[PDB]
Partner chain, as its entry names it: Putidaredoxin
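Next up is one chain by itself, shown in structure tokens, the form solved without its partner chain.
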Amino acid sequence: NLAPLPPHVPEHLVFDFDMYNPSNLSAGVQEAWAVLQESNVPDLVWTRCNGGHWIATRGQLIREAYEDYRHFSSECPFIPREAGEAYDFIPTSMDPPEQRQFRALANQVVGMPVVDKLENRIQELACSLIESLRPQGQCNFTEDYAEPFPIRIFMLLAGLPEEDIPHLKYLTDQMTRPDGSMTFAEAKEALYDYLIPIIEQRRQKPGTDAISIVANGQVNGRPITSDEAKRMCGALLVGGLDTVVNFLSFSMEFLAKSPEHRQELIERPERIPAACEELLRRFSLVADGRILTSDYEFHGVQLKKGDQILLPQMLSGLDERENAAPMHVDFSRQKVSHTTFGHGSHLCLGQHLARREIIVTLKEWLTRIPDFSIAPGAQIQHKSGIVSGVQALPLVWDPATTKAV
């Protein structure tokens, strides 16, 4: 539903890439985007798909525009338009130096200190979980593990009840992989009308979970209001329901067709760190944007005031000039170049936890279920969005080859 070409876009910088459904989806989801980095693709194109918008296709320009907030603002960082002008979360839809008050506060509820504390709670779900699993010879990897372990971790951290996950999940997915049952604006209010009551409770009866401390923190030098704490929370509810859980399907995905990464891991327990790093470049997955503040000429291409630019965080690490052999998985990559976690002021607050959670995951999974395969005959589907996704990942193993810890 290609938008017609704004008068100021050259016909020749036009590339019709569809970020919610790109042509080559079946190749996989990092395979479909990589088509942007092909030799017939200008560094910097426009698609008229999802309302017409720019796309930087190369690590250096993604990084660069990620660097330059005065020109490239995260006021509207979502494609489409409606979603971004809709998007208001906090710190994510701010620019320096607003952002910096609120980000520090989103950093109290999830930044390193929190992860250390949560250490054994993270350790004991990951091993509970695989153990309950390993005797069956079988799981849909998505819903058996990729979903319950980070999410339950985040409910634990947010002190939200677990009965609530299926609603919070379905609504958060409607902001990154919309079914088209509902607008973003729609998804988002509905999320807020869940939040808004808990926030109100928690400012009254102030707790030790992410929502009360966020509820009850201060910024700038005065009380955070109920309204900002609400937009403070709806980032969180997203990195916690839905970047981690997908990236997991991603990599078990991977661990499943490749004996030797599995085999190299079990006898390199300290390669796990490097491994996790490399699975971040190789299954990078987020993509969001910026809106131009002004008319601005970037790398010879006239951007105008208000135009949107997709800066796929996912691309940077996939570009053959930041890394030799982009598609090939290697564990001792001498420099894992990426922006999986973002680039700029907005560097993922949730990184340390994601990691944690990837690390333990691989250390526990390989530890008790070393050998496991794609359930057979199945072809694995991915979905494409602001957060790219795995639909379903049936896994199979001989239980004779598992280890109780």
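Positions refer to the first chain, counted from 1.
One more form of this protein should be noted, the form deposited with its partner chain bound, which is absent from this view; the next part is about it.
Between 180-188, 297-305, 109-117, 193-201, the stretch whose residues reach within 4.5 angstroms of its partner chain in the deposited complex through a non-hydrogen atom is 109-117. When its partner chain is considered in the deposited complex, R368 lies well away from it, no heavy atom lying within 4.5 Å. Using a 4.5 angstroms threshold between heavy atoms, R152 stays clear of its partner chain in the deposited complex. Not displayed here, its partner chain is approached by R103 to within 4.5 Å at the level of heavy atoms in the deposited complex.
Taking non-hydrogen atoms only, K363 never approaches its partner chain to within 4.5 angstroms in the deposited complex. Of the residues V29, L349, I62, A354, just one reaches its partner chain in the deposited complex with a heavy atom at 4.5 Å or closer; this is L349. Of the residues in 325-345, those that come within 4.5 Å of its partner chain in the deposited complex through at least one heavy atom are, in sequence order, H343, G344, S345.
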